[PDB]
Every structure is written in structure tokens, then in C-alpha cells.
Protein chains: 4
Amino acid sequence: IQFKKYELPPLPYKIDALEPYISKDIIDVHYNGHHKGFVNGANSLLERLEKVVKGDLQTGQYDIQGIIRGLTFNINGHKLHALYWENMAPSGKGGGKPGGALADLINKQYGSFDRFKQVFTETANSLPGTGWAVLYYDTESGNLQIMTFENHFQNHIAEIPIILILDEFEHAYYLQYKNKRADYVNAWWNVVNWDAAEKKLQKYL
Amino acid sequence: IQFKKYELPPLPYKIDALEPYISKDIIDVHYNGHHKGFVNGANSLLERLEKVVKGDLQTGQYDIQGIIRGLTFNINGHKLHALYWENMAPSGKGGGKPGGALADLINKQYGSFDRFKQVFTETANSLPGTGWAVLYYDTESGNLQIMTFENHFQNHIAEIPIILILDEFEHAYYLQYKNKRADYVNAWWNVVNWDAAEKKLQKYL
Amino acid sequence: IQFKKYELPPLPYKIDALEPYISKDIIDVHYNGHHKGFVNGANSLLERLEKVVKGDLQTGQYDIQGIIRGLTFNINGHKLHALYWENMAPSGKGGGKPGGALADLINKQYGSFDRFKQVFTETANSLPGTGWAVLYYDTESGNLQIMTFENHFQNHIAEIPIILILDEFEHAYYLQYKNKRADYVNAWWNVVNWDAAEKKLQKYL
Amino acid sequence: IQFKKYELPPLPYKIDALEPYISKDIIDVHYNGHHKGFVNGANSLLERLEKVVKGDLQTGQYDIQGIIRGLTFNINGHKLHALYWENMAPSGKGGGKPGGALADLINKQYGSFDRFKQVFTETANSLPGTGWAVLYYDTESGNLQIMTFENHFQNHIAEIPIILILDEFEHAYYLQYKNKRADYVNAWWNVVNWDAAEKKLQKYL
Ligand SMILES: [Fe+3]
Ligand SMILES: [Fe+3]
Ligand SMILES: [Fe+3]
Ligand SMILES: [Fe+3]
């Protein structure tokens, strides 16, 4: 008996494909260092949890909250980065405005893409500390719900899909933007994979 | 322009259907008081967010983190309780053991339902403070991942479905069990809607 | 080598001394059940941490984040309740308005005690989930800073003293007020130990 | 009526005084960028809270949880960095081992400074995400309690003094160590201001 392990997905493009918005130096360590670290961290914790389940680690030889909380940290660390990479694309394929159903929903709920961009940027910059900014598609209400995560595992909304995702941990921009997170946020719009976003949304319509 | 509002789902059974495991007094206020409060809280915050989007509330007339964080609190409060009600059933329909694919997965990953129950109960009782204990079906790895939430919005794992959900806020058991949360957890197994659980799991296989 | 253990302080009054604002039934289990549970939880975790330090628990036989986070949960659980009991007093000795330096500071920063009461009550009721509402005396700025804690260990401000403390976990009022936390908050003002508060403030002036 | 504003304390040394353990480039932006940002953020929120108190911002023109939570974030951001700067010193004045009462307490509770260093380093590296690692002096138990903070405001222990403090946000080491936080932690021991630590501890004995 055991749990299936996680696997680092391949990057959808070269590490420099996002320049000049996000330097290849950032992407390189962000993917090969940070993301890989989450896959590894999640897997080692799964191996440890398997031992708890099998009884190879008996009472007093583990602290369950440390394992469980470490798992939500690493698993989300992996899942969110995997979404992050696929949510971006080199300028041209990336950037611009959304079309199809996504654009329609955005207009109905925010008036226009231009307004949405403002509100999202504003909400992303209001995030106290490290975390993420995402646009959910609530399959229950049909609302494109904006949300900011603190760390990788706090503030998520249960079961619904992430359509737009922006990494706000400092390692996602520091080497290039230093402490100017807001400039990184502005630059990020230029590599958003709107087509992938529309494609994902379609799956829930 | 606006967001669609949330609606309190009807209870799947009478308020006393879960006795003697969970008194009708608890269920009554838990549903009509607590759950309804989340729907209302979420909706009023949505109305407020609409005003921010439309500009009826201008700069300096709102604190976005208060709205956004209040939304994750109330929206999850609503969604999780909605899952909670459907995840239980009067003794007979509720309780017992799971069958089908769910039982198979449980045996492959935990050895047996008996072991799973132990590990879940142990993990649920380790929760520091109020929150939830859930069993996820990770569509990525195929793992039935156990997790404890702190409050309604901390520790969730992105996008994956909740198969089993246990409410651990004090209002879910205090009136009947006082501070003996562990006794409430033991009693809860008797009303778990395993059929609904198998049904939900099937949807992702 | 070892760490000193914590001790449950004696209650400053009889368990019914706070009626009719907080029933003796609540106080009884709140002190003998909940508070005692924190002292015990903190001590057992300290014993476990001692074993990690001494090496009796070797690598792979513990998950440090579980121990450390369990310690902040239980230690604060103990400390905050200890402050809570001393921050209240039977009607007469408790309730009313503050005098001395505390009253003056309140007037300078909030205009009046009445205004302060309003803002504090408003802030306490805005707390999403379980936790606490406190009035700090920031020794750095001299500000009587209001704050809400989520659970027992989130949102504290480093090193400064708590002058006013209100428990907002459901077990502090459920048996008597059920889900009407706001009514409990209003009733609480009637047992606030303003003299003890003035006394504590004096120590930092 | 109003609240007193916070002030950025002057750096205790030149921005390059901590090299080669922490580059002057990091210190420069860490102090002039990050720390200053917290003082400013705290003050603007205080100004806003004053308006809520005075009534210049009426109902519906603010979201109290956003103000209150933003205050704990920024105030701690300021206080913790202020402690951080004073807790370090150029090599010579900094680094080495503690003496006096601090050393004795460390020996009684951890066996030796060497063991303490190991446990602290281990605990600091276990921190999931950004935050801090601190050594508290619990005035209640007399325990030198280790703790890791998540972000600037989560996991603190009420009212007790911080003797040792290590910043674990990525901006404290990224420019020099990139994602190798553990190497930064090892290097940090070389600039710990043990004398200041002993001095602060003395105040509570
Ligand atoms: Fe990242
Ligand atoms: Fe509930
Ligand atoms: Fe309590
Ligand atoms: Fe810092």
C-alpha cells in the first residue's frame, strides 16, 4: 500500500521565453529550484505519511500536524506553480486580451476587460506578504471570483477551478524587480496565456 | 453588471434525522443560523464588491483585503456546510462502510477501511482549534488525500474535490458534546453518507 | 536538561461570579476543561520537545513543525485564558468605565470611552471565525491598539502587553448565547475588570 | 484625537557592515525599501483608522478587517525588522557564542550552545514559506522558547520578549543566496549580536 507520487511537469517553453517581462534567471531557478523543491517535498512527506499509515512509524515517532500541514504547503506549491507556467506564454501567444466566453463573462461582471485588469491589479497589490492572486470560475454561481492567497495554502475557495493565476512570492520577481512587486504585476499582463484561460473555462461551461 | 448571489440549499433531511449522533438542536441552528449566515455574509460582500467594481465606492471608501478575505471566509463557509449536509444521512442510509471504487482506493492506499478510519480520526482530532477534516480525491495523483482546514479557508488543496468532510467548529457539537470533540468525531462515522461519497468519486474516475 | 512546565492559575472568583453575563456552566468547562487542556497540551509538547533536544527522539521520529506550531497554539491558549480570567470580575468590581491613565489615553485616542466601546465592539464582531479581540498598549508608540486574533496564535503584535482581552471562541458563549456572539460581546462589557486593566497599564508608564 | 505615528529607527551600522554574510545590496533595500515600507504602511493605516474613529469615514466607507489586519502586518513588519537590525552586528562585535545568564539558560535547557544552534537551525529551516525564526524568553516559565512565524504576524506568543530573531522572508537573502535559505541561515550565526541579546535578557531577570 502507498500513495502515488507527484511529478514535475515540463516547462511549456524555454526559460527565456518570457523575457523581458520575467528574466530567464528567475524562470530557471523558479522552475528548477522552487517548483522541483515542492514536488520533492510533497513526495518525501507522502513517503512519511505512508509509514504512519502502515505503522512503520508508531505513536510518538511523528507529529501528524507537521506532516499534514507540510503536505498542503508542498502539494499546493506544486499545483499552483504548474498552473502558473501554463497560465503564461511568450509575448504574442501571451498577453493581449481574452476573447470568447471568458471575455463575455468579464464584461458582464466587470463592465470591461480594462476595468477587470484594474481591479485585479489593485487586489493583487493589496496582498500583505507572499502568496498568489487568482481569478476563479465559481461553477456554483458562475462568478469570476478574484482572490488572493497567503502563502500557497491559505484563502483558497473549495473545489472551484483557477482560470488566472499570478505568483506573488518574492522569488517570482525579486532578482529582476527587487521590492517593486507592483511593476512585476504590471509586466505580467504581457505574458498571460488568455487562450489557455479561455480553453480551461470552456471545460466548465 | 453584477455577480450572481449564493443560495442556501435545502437540508437533505429533517433536522432530527441525525439523532442520536447529532441532536436536532444543533442541526437546527447549525443550518438555519450558521449556514444561512454565510450565504448572507457572502452575498452582502458581493454586493459591496460590485460597488467597488462599478466605482460607486471610490478609493478610500473600502479596504479590499477586508472584502476579499471576508469573501473567502463566507463563501467557503457556505460551500463547506453545503457539502457537510450532503455528506451525511440518517443512520441506515448513513454510516457503515464504503463500497465500489471508493472502498477499493481506500484499501490500496490505507490497507483497509478500518485503518483509514483510525488515521482519519487521529488526524481530525489533531486539528488545533476550529476548522474541518476532509478526504480529498486528488485527480492528479489519484490519492485520497486527508487534510485538516483551520477556519473555513486555510489549508485547502487547489481545485480537487472533497469526498469526505467533517465539520470541526465548536458549534457543530458543543450543545451536545461540550468540549469532547473526539466523542463527536466517533459518533459522526455513524451518519457518513458513503453512497453519496462513492457517487461523487465516480464523477472523477 | 529540560524546560519548566506551565501551571493552571487558580480562578480569581467562583465559577458563577460572572452571572448573568456568562453562566457558571460556561465558566466551569471553560476553565476546568478548555484552559486546563492548554496547560496539559503545552506541557506534553514541551516534554516531547525536550526529547528532540536530548536526542531521545532521533531524526525521523518527529515532525518539528507539528511540535512548534502545537506549542504556539497551546501556550497562547494558556496565556490568553489566564489573561481573560483576570481581565474580568463579578459585576460591581467588574463593569463600568475605566479611570486614571487608561481613561485619559482612551479619551485622547478615541475621544471618549463611549466611542472606544463602539469601535471595539464593532471590531470584535467583525472577527471572521474563532479567536480574540484585544486592546494593546503599544509601549513603542503609546497607542492603545485594537486587534483581533484568529485562533489563539494569529495576528498578535510582538512583545507588547494586552490590557483588554475578549475571548471569541464559541465555547466562551455558545451554551448560553448559541450563535449570537454579538449579544455575548455586549454582555461582556459588564464584567470587564477595569481596575486590573488600569493597574497593568500603570506598569508600562 | 489621533494615534502616534511610527518612526523608522536608524540602522545601527553601515549597510555593508554585515558582509560577507549579508551583502550591502540586500541591507540597502531591506532597510530603505522594505522596513521603511512598513513604517509608512502602518502610519497610513493609522491615519485611516483615526478617520474611522472620528467618524470622517462612515459606515460603508471602510472594511475594518482590512484596516486591522493591515495594521498587524505592517506594525509587526516594522517592529520585527527593528529587532532584526539590533540583533545583528558586524563580525567581531557579532557572531561567536553568548555568555552570562543567556549562556547559562541555554546550557540548562539545551545542554550546550552547540546543541541549541542545531535545534534552532533545524527549526528555522523547517519554516514553510516566508516568515521568521525567534528565540523567546518566556517570563512566565523562564523557558527560552523557539518559534517560527509565518508572515510577520502569525504564531507569535503573547507579550513575551524576543531575544534572538532571524528574518526568513526571501528578500532577506535572495539577491545573494537565491533559493538557498539554509546557507543564509548558516551564515547568519556569524553576525548575531549576542551581547545585545544578553543585555535584553538581563532586563527580564
Ligand atoms: Fe513561485
Ligand atoms: Fe459548521
Ligand atoms: Fe476560551
Ligand atoms: Fe525582512
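Just so it is clear, chain B uses Swiss-Prot numbers, and the residues here are 5-209, in order.
Recorded method for this deposit: X-ray crystallography, 2.2 Å.
Cβ coordinates are placed from backbone N, Cα and C, and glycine is handled just like the others.
Here is what Swiss-Prot says about this protein:
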- B:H34, B:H85, B:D171, B:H175: Fe cation binding site (BINDING)
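Structure coloured by features recorded in Swiss-Prot.
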residue	record	CB count, 10 Å
B:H34	Fe cation binding site	25
B:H85	Fe cation binding site	26
B:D171	Fe cation binding site	27
B:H175	Fe cation binding site	19
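Proximity to chain C, defined as a CB-CB distance below 8 A, holds for B:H175 out of the binding-site residues B:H85, B:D171, B:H175.
Less than 8 angstroms from a Cβ of chain D: among the binding-site residues B:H34, B:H85, B:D171, B:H175, that describes none of them. When secondary structure is read from DSSP and collapsed to three states, B:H34 (Fe cation binding site) falls in the helix class.
Each of B:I30, B:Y35, B:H38, B:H39, B:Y88, B:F173, B:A176 belongs to the same chain as B:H34, B:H85, B:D171, B:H175, is absent from that list, and has a C-beta within 8 angstroms of the C-beta centroid marking the Fe cation site.
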